[PDB]
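Containing mmCIF, C-alpha atoms and all ligand atoms: target-v8.cif.
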```cif
data_target
#
loop_
_atom_site.label_atom_id
_atom_site.label_comp_id
_atom_site.auth_asym_id
_atom_site.auth_seq_id
_atom_site.Cartn_x
_atom_site.Cartn_y
_atom_site.Cartn_z
CA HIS A 4 2.84 -15.35 -14.11
CA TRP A 5 4.12 -13.75 -10.94
CA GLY A 6 2.44 -14.22 -7.60
CA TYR A 7 3.18 -15.12 -4.00
CA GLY A 8 3.63 -18.88 -4.19
CA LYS A 9 6.73 -21.05 -3.93
CA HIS A 10 7.27 -21.17 -7.64
CA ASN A 11 6.29 -17.65 -8.63
CA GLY A 12 6.85 -15.58 -5.48
CA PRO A 13 9.12 -12.65 -4.61
CA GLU A 14 12.37 -14.62 -5.04
CA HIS A 15 11.40 -15.32 -8.62
CA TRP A 16 10.26 -11.87 -9.71
CA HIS A 17 13.72 -10.70 -10.83
CA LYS A 18 13.68 -13.07 -13.82
CA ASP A 19 10.81 -11.17 -15.50
CA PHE A 20 11.47 -7.84 -13.73
CA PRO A 21 15.22 -7.35 -13.30
CA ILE A 22 14.63 -4.04 -11.48
CA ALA A 23 13.69 -6.31 -8.54
CA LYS A 24 17.40 -6.14 -7.69
CA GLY A 25 17.61 -2.37 -8.24
CA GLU A 26 18.90 0.52 -6.19
CA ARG A 27 15.65 1.80 -4.70
CA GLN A 28 13.36 -1.20 -4.11
CA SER A 29 10.55 -1.45 -1.59
CA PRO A 30 9.56 -2.38 1.00
CA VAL A 31 12.39 -1.92 3.49
CA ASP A 32 12.96 -2.33 7.20
CA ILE A 33 12.66 0.95 9.03
CA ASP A 34 15.40 1.03 11.63
CA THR A 35 13.95 3.63 14.00
CA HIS A 36 17.26 4.38 15.66
CA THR A 37 19.04 5.06 12.33
CA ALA A 38 16.22 7.14 10.75
CA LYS A 39 17.02 10.80 11.13
CA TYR A 40 14.71 13.60 12.05
CA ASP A 41 14.52 16.10 9.18
CA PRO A 42 13.31 19.45 10.61
CA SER A 43 12.80 20.76 7.07
CA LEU A 44 10.07 18.18 6.32
CA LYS A 45 6.59 19.73 6.31
CA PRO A 46 3.43 18.34 7.89
CA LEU A 47 1.58 16.04 5.58
CA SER A 48 -1.55 17.45 4.03
CA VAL A 49 -4.17 14.76 3.47
CA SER A 50 -7.26 16.29 1.86
CA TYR A 51 -9.81 13.54 1.42
CA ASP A 52 -13.06 15.46 2.09
CA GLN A 53 -14.11 15.35 -1.58
CA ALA A 54 -12.98 11.78 -2.28
CA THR A 55 -15.17 9.87 -4.75
CA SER A 56 -14.79 6.10 -4.46
CA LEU A 57 -16.19 4.14 -7.37
CA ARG A 58 -15.51 0.44 -7.28
CA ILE A 59 -13.76 -2.40 -5.49
CA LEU A 60 -11.83 -4.98 -7.53
CA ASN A 61 -10.17 -8.33 -6.70
CA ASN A 62 -7.23 -8.26 -9.16
CA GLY A 63 -5.80 -11.65 -8.13
CA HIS A 64 -3.07 -10.13 -5.90
CA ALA A 65 -5.09 -7.91 -3.56
CA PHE A 66 -8.32 -5.88 -3.68
CA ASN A 67 -8.29 -2.26 -4.83
CA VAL A 68 -10.79 0.40 -3.79
CA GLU A 69 -10.67 2.73 -6.78
CA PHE A 70 -11.37 6.46 -6.87
CA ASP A 71 -12.28 9.10 -9.44
CA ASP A 72 -8.92 10.70 -10.16
CA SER A 73 -10.05 12.81 -13.15
CA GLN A 74 -10.11 15.93 -10.90
CA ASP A 75 -8.37 17.15 -7.73
CA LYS A 76 -10.77 15.54 -5.24
CA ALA A 77 -8.65 13.56 -2.80
CA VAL A 78 -5.07 14.73 -2.70
CA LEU A 79 -1.89 14.34 -0.78
CA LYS A 80 0.57 17.22 -0.54
CA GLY A 81 3.26 18.57 1.77
CA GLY A 82 5.58 16.37 3.76
CA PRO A 83 8.51 15.48 1.47
CA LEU A 84 6.42 16.14 -1.63
CA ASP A 85 6.62 18.91 -4.18
CA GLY A 86 3.27 19.42 -5.85
CA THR A 87 -0.04 17.62 -5.72
CA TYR A 88 -0.70 13.93 -5.78
CA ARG A 89 -4.16 12.48 -6.53
CA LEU A 90 -5.57 9.39 -4.84
CA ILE A 91 -6.25 6.66 -7.38
CA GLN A 92 -6.77 3.55 -5.22
CA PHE A 93 -6.02 1.90 -1.91
CA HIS A 94 -5.34 -1.71 -1.09
CA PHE A 95 -3.81 -3.88 1.63
CA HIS A 96 -1.25 -6.62 2.11
CA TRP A 97 -1.87 -9.17 4.86
CA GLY A 98 -0.77 -12.45 6.37
CA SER A 99 -2.06 -15.93 7.03
CA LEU A 100 -1.31 -15.27 10.73
CA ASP A 101 -1.53 -12.10 12.85
CA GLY A 102 2.28 -12.11 13.27
CA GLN A 103 3.01 -11.35 9.60
CA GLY A 104 1.50 -9.50 6.66
CA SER A 105 3.09 -6.06 6.47
CA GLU A 106 5.60 -5.21 3.75
CA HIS A 107 7.52 -2.54 5.64
CA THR A 108 8.81 -3.57 9.03
CA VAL A 109 9.80 -1.44 12.00
CA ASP A 110 12.94 -2.60 13.77
CA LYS A 111 12.23 -5.95 12.07
CA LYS A 112 8.71 -6.07 13.55
CA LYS A 113 6.02 -7.33 11.17
CA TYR A 114 2.46 -6.06 11.50
CA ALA A 115 -0.67 -8.08 10.64
CA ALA A 116 -1.32 -6.00 7.52
CA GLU A 117 -0.40 -2.81 5.71
CA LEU A 118 -2.64 -0.32 3.90
CA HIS A 119 -1.35 1.47 0.81
CA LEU A 120 -3.06 4.67 -0.36
CA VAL A 121 -1.67 5.21 -3.83
CA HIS A 122 -1.41 8.73 -5.31
CA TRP A 123 0.08 10.07 -8.55
CA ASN A 124 1.77 13.41 -9.29
CA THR A 125 -0.62 15.58 -11.31
CA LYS A 127 2.24 17.18 -13.25
CA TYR A 128 2.44 13.94 -15.26
CA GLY A 129 -1.19 13.98 -16.39
CA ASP A 130 -2.12 10.34 -15.78
CA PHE A 131 -1.09 7.36 -13.68
CA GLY A 132 0.52 5.44 -16.53
CA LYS A 133 2.84 8.37 -17.27
CA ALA A 134 3.51 8.95 -13.58
CA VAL A 135 4.83 5.42 -12.93
CA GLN A 136 7.57 6.12 -15.49
CA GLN A 137 8.97 8.99 -13.38
CA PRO A 138 11.18 8.94 -10.26
CA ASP A 139 8.74 11.25 -8.48
CA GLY A 140 5.60 9.90 -10.08
CA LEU A 141 3.83 8.33 -7.10
CA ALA A 142 3.38 8.95 -3.39
CA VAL A 143 2.19 5.95 -1.39
CA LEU A 144 0.90 6.51 2.12
CA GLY A 145 1.54 3.32 4.14
CA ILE A 146 -0.33 2.55 7.32
CA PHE A 147 0.28 -0.48 9.54
CA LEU A 148 -2.55 -2.60 10.90
CA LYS A 149 -2.37 -4.43 14.23
CA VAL A 150 -5.01 -6.77 15.57
CA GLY A 151 -6.98 -5.54 18.57
CA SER A 152 -10.06 -3.31 18.56
CA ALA A 153 -12.13 -3.06 15.39
CA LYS A 154 -11.68 -0.13 13.02
CA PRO A 155 -15.23 1.03 12.37
CA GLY A 156 -14.29 2.84 9.16
CA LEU A 157 -12.99 -0.42 7.68
CA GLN A 158 -16.18 -2.36 8.14
CA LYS A 159 -17.86 -1.27 4.88
CA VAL A 160 -14.82 -2.67 3.04
CA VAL A 161 -14.92 -5.95 5.00
CA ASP A 162 -18.58 -6.47 4.30
CA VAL A 163 -18.35 -6.21 0.52
CA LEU A 164 -15.53 -8.78 0.21
CA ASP A 165 -17.98 -11.69 -0.14
CA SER A 166 -19.05 -10.17 -3.45
CA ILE A 167 -15.52 -10.05 -4.88
CA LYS A 168 -14.21 -13.34 -3.61
CA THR A 169 -12.32 -14.34 -6.75
CA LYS A 170 -9.93 -12.80 -9.28
CA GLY A 171 -11.58 -10.44 -11.76
CA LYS A 172 -14.68 -9.75 -9.70
CA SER A 173 -15.67 -6.15 -9.01
CA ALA A 174 -18.49 -4.40 -7.21
CA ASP A 175 -19.80 -0.88 -7.04
CA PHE A 176 -18.30 0.87 -4.01
CA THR A 177 -19.41 4.47 -3.90
CA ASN A 178 -19.41 6.98 -1.04
CA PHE A 179 -16.62 5.34 0.94
CA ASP A 180 -14.66 7.80 3.08
CA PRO A 181 -10.98 6.88 3.38
CA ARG A 182 -10.54 9.31 6.28
CA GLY A 183 -11.98 6.52 8.45
CA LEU A 184 -8.84 4.45 7.84
CA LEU A 185 -6.32 6.98 9.24
CA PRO A 186 -4.72 6.95 12.68
CA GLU A 187 -4.73 10.06 14.91
CA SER A 188 -1.14 11.06 14.23
CA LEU A 189 0.36 11.86 10.84
CA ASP A 190 3.98 11.44 12.11
CA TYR A 191 5.82 9.54 9.37
CA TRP A 192 9.02 8.14 7.90
CA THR A 193 9.86 8.79 4.26
CA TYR A 194 12.26 7.36 1.70
CA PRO A 195 12.51 6.89 -2.09
CA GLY A 196 11.41 3.49 -3.31
CA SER A 197 9.36 1.41 -5.67
CA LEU A 198 6.12 -0.41 -6.32
CA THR A 199 6.15 -3.53 -4.17
CA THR A 200 4.61 -5.72 -6.90
CA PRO A 201 5.69 -6.20 -10.49
CA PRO A 202 6.55 -4.18 -12.45
CA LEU A 203 8.50 -2.93 -9.39
CA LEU A 204 9.00 0.50 -10.93
CA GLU A 205 11.19 2.93 -9.01
CA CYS A 206 8.65 5.74 -9.00
CA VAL A 207 7.46 6.03 -5.40
CA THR A 208 8.02 8.47 -2.57
CA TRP A 209 7.07 6.32 0.40
CA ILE A 210 5.44 7.98 3.39
CA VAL A 211 4.90 5.42 6.19
CA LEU A 212 2.91 6.50 9.25
CA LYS A 213 4.40 5.70 12.64
CA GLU A 214 1.06 5.07 14.36
CA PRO A 215 -0.70 1.83 13.33
CA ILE A 216 -4.46 1.45 13.18
CA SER A 217 -6.14 -1.36 15.08
CA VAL A 218 -8.48 -3.77 13.36
CA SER A 219 -10.30 -6.72 14.90
CA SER A 220 -9.39 -10.34 14.46
CA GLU A 221 -12.77 -10.80 12.70
CA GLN A 222 -11.95 -8.02 10.23
CA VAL A 223 -8.62 -9.51 9.18
CA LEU A 224 -10.12 -13.04 9.12
CA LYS A 225 -12.46 -11.78 6.40
CA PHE A 226 -9.52 -10.55 4.33
CA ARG A 227 -8.17 -14.12 4.50
CA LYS A 228 -11.35 -15.59 2.97
CA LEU A 229 -10.60 -13.92 -0.35
CA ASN A 230 -9.16 -15.99 -3.23
CA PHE A 231 -6.16 -15.48 -5.51
CA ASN A 232 -7.86 -17.70 -8.10
CA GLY A 233 -10.70 -17.02 -10.48
CA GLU A 234 -14.18 -18.51 -10.07
CA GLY A 235 -14.24 -22.18 -11.03
CA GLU A 236 -10.51 -22.61 -10.49
CA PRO A 237 -8.95 -24.44 -7.53
CA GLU A 238 -9.32 -22.38 -4.36
CA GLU A 239 -6.22 -20.66 -3.13
CA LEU A 240 -6.72 -18.35 -0.20
CA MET A 241 -5.50 -14.80 -0.68
CA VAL A 242 -3.09 -14.62 2.24
CA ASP A 243 0.61 -13.66 2.56
CA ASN A 244 0.42 -11.29 -0.40
CA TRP A 245 3.39 -9.28 0.87
CA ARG A 246 6.91 -8.75 -0.43
CA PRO A 247 9.61 -9.01 2.26
CA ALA A 248 12.00 -6.15 3.12
CA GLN A 249 14.60 -5.36 0.45
CA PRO A 250 18.12 -3.98 0.92
CA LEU A 251 18.23 -0.29 1.79
CA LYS A 252 21.36 0.30 -0.32
CA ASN A 253 22.28 3.95 -0.73
CA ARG A 254 19.25 5.42 0.98
CA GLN A 255 18.43 7.28 4.17
CA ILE A 256 15.07 7.08 5.85
CA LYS A 257 13.97 10.44 7.24
CA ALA A 258 11.57 10.98 10.15
CA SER A 259 9.11 13.84 10.45
CA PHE A 260 9.23 13.66 14.25
CA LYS A 261 11.67 13.46 17.14
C1 LIG B 1 2.46 0.14 -15.01
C2 LIG B 1 2.42 -0.11 -13.53
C3 LIG B 1 1.45 -1.13 -13.06
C4 LIG B 1 1.39 -2.27 -14.02
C5 LIG B 1 0.11 -0.52 -12.99
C6 LIG B 1 -0.76 -1.11 -11.95
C7 LIG B 1 -0.48 -0.67 -10.55
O1 LIG B 1 -0.99 0.35 -10.10
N1 LIG B 1 0.40 -1.47 -9.77
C8 LIG B 1 0.76 -1.19 -8.42
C9 LIG B 1 0.31 -0.09 -7.68
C10 LIG B 1 0.73 0.06 -6.35
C11 LIG B 1 1.61 -0.89 -5.78
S1 LIG B 1 2.20 -0.75 -4.10
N2 LIG B 1 2.00 -2.20 -3.36
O2 LIG B 1 1.36 0.32 -3.48
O3 LIG B 1 3.59 -0.35 -4.27
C12 LIG B 1 2.03 -1.96 -6.55
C13 LIG B 1 1.60 -2.12 -7.84
ZN ZN B 2 0.75 -2.24 -1.89
#
```
Turn the structure described in the file into structure tokens.
Amino acid sequence: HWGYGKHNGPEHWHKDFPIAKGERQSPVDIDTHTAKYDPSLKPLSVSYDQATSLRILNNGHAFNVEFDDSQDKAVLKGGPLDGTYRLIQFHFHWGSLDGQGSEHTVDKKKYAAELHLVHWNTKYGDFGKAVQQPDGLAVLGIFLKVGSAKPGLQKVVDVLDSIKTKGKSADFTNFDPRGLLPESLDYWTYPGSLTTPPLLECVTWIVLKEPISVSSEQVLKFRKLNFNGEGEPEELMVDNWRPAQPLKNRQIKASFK
């Protein structure tokens, strides 16, 4: 099965998922000088006041904080998007070292980690239908750098001990994802894909320019998670990122000058 090791990592994925070599794969390097300001882009609208988190799950590749997406409760709209996208889950990708971990890069710079807030287009009814459409998902990407702690992340950090291994979940209600956002909603946007198998080409990526800062102790706790299940040999969940993929026939647009 696919993963992030030498024998099953990103360079292998194309054998089971040929779309890995497709025309709109993610992540990509964001060349800031080549991205073009698009004055017709609208401000993002991030409406998370009614978000209902439910659970946190270690799925063997990352941990997902899952939300109730059976009503319009936490939605993303505006920006490059037409229509309304509902928050279903967020997760991160991170490194074994502070100098790597992000999936997107900015002028080839790697951040310590990257948060993905995953949303699906309500016109398709459910997430499984949405991933089969070119405009099915909108993923809000936010870079993490190591410095000061992010207080709004701490409730996530502190539950990780309870979901150390693959397949473990824990109740995780009343978590407010607004505490994970930077001040500015300036962003870059481009059409892309899921960054893990099945690598479906269904995502409008919206990547915030401003990173959030997290403490070294916060990211160290991410790195204590396990890829393996309980009672299997311990493999630390680190370096669960896909490297930048060719941009091909795409233009990255900026919301800002
Ligand atoms: C049918 C599709 C898939 C098996 C269903 C499970 C799923 O949601 N996968 C997923 C979600 C988000 C990302 S990312 N890293 O934000 O692009 C990567 C993978
Ligand atoms: Zn992701």
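In this structure, atom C6 of ligand LIG 1 (chain B) sits 9.9 Å away from atom CA of residue A:204.
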Please list as a VMD selection string every residue within 10 Å of residue A:104, counting all atoms listed in the file and excluding residues in the same chain fewer than 3 positions away. chain A and resid 95 to 101 107 to 108 113 to 117 147 to 149 242 to 247
I'd like the box whose edges run along x, y and z of the file and which contains every listed atom of stretch 90-93 of chain A, padded by 4 Å per side; could you state its centre and edge lengths in Å, one decimal, as AutoDock Vina command-line options?
```
--center_x -6.2 --center_y 5.6 --center_z -4.6 --size_x 9.2 --size_y 15.5 --size_z 13.5
```
8 Å from ligand LIG 1 (chain B) is the threshold here; counting only C-alpha atoms and all ligand atoms, which polymer residues fall inside it? Answer as a compact mmCIF listing (two decimals) with C-alpha atoms, keeping the file's coordinate frame.
```
# COMPACT_ATOMS: atom_id res chain seq x y z
CA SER A 29 10.55 -1.45 -1.59
CA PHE A 93 -6.02 1.90 -1.91
CA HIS A 94 -5.34 -1.71 -1.09
CA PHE A 95 -3.81 -3.88 1.63
CA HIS A 96 -1.25 -6.62 2.11
CA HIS A 119 -1.35 1.47 0.81
CA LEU A 120 -3.06 4.67 -0.36
CA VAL A 121 -1.67 5.21 -3.83
CA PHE A 131 -1.09 7.36 -13.68
CA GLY A 132 0.52 5.44 -16.53
CA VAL A 135 4.83 5.42 -12.93
CA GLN A 136 7.57 6.12 -15.49
CA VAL A 143 2.19 5.95 -1.39
CA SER A 197 9.36 1.41 -5.67
CA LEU A 198 6.12 -0.41 -6.32
CA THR A 199 6.15 -3.53 -4.17
CA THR A 200 4.61 -5.72 -6.90
CA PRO A 201 5.69 -6.20 -10.49
CA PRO A 202 6.55 -4.18 -12.45
CA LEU A 203 8.50 -2.93 -9.39
CA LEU A 204 9.00 0.50 -10.93
CA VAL A 207 7.46 6.03 -5.40
```
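Distances to ligand ZN 2 (chain B) were evaluated for A:17, A:122, A:227, A:4 using all atoms listed in the file, and the minimum falls at A:122.
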Counting all atoms listed in the file, the residue among A:249, A:66, A:160, A:43 that lies closest to residue A:13 is A:249
Given the choices A:225, A:146, A:235, A:218, which gets closest to ligand ZN 2 (chain B) if the distance is worked out from only C-alpha atoms and all ligand atoms? A:146
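Among the candidates A:165, A:152, A:67, A:206, the one nearest to residue A:133 when counting all atoms listed in the file is A:206.
Between atom CA of residue A:79 and atom CA of residue A:92 the interatomic distance comes to 12.6 Å.
For the atom pair formed by atom CA of residue A:184 and atom CA of residue A:154, the distance is 7.5 Å, given to one decimal.
Nearest to residue A:44 of all the residues A:105, A:61, A:259, A:11 is A:259, based on all atoms listed in the file.
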Considering all atoms listed in the file, state which residue in the set A:216, A:153, A:118, A:22 is at the smallest distance from ligand ZN 2 (chain B). A:118
Would you list the contacts of residue A:208 as a ChimeraX atom specification, taking every protein, DNA or RNA residue within 7 Å and counting all atoms listed in the file, but skipping same-chain residues closer than 6 positions in sequence? /A:139,141-143,194-196
Residues near residue A:239, anyone? I mean within 10 Å using all atoms listed in the file, not counting same-chain ones fewer than 2 positions away, as JSON, numbers by chain. {"A": [169, 228, 229, 230, 231, 232, 233, 236, 237, 241, 242]}
For a quick check of your reading of the model, name the residues lying within 10 Å of the coordinate (-7.8, 8.4, 14.7), counting only C-alpha atoms, and write them as a ChimeraX atom specification. /A:154,182-189,214-217
Excluding stretch 31-33 of chain A and any residue of its chain fewer than 4 positions from it, enumerate the residues within 9 Å of it, using only C-alpha atoms, and give them as a ChimeraX atom specification. /A:37-38,106-112,192,196,247-251,256
Fewer than 3 positions away in the same chain doesn't count, so skip those; otherwise give me all residues within 6 Å of residue A:82, counting only C-alpha atoms, as a PyMOL selection string. chain A and resi 44-47
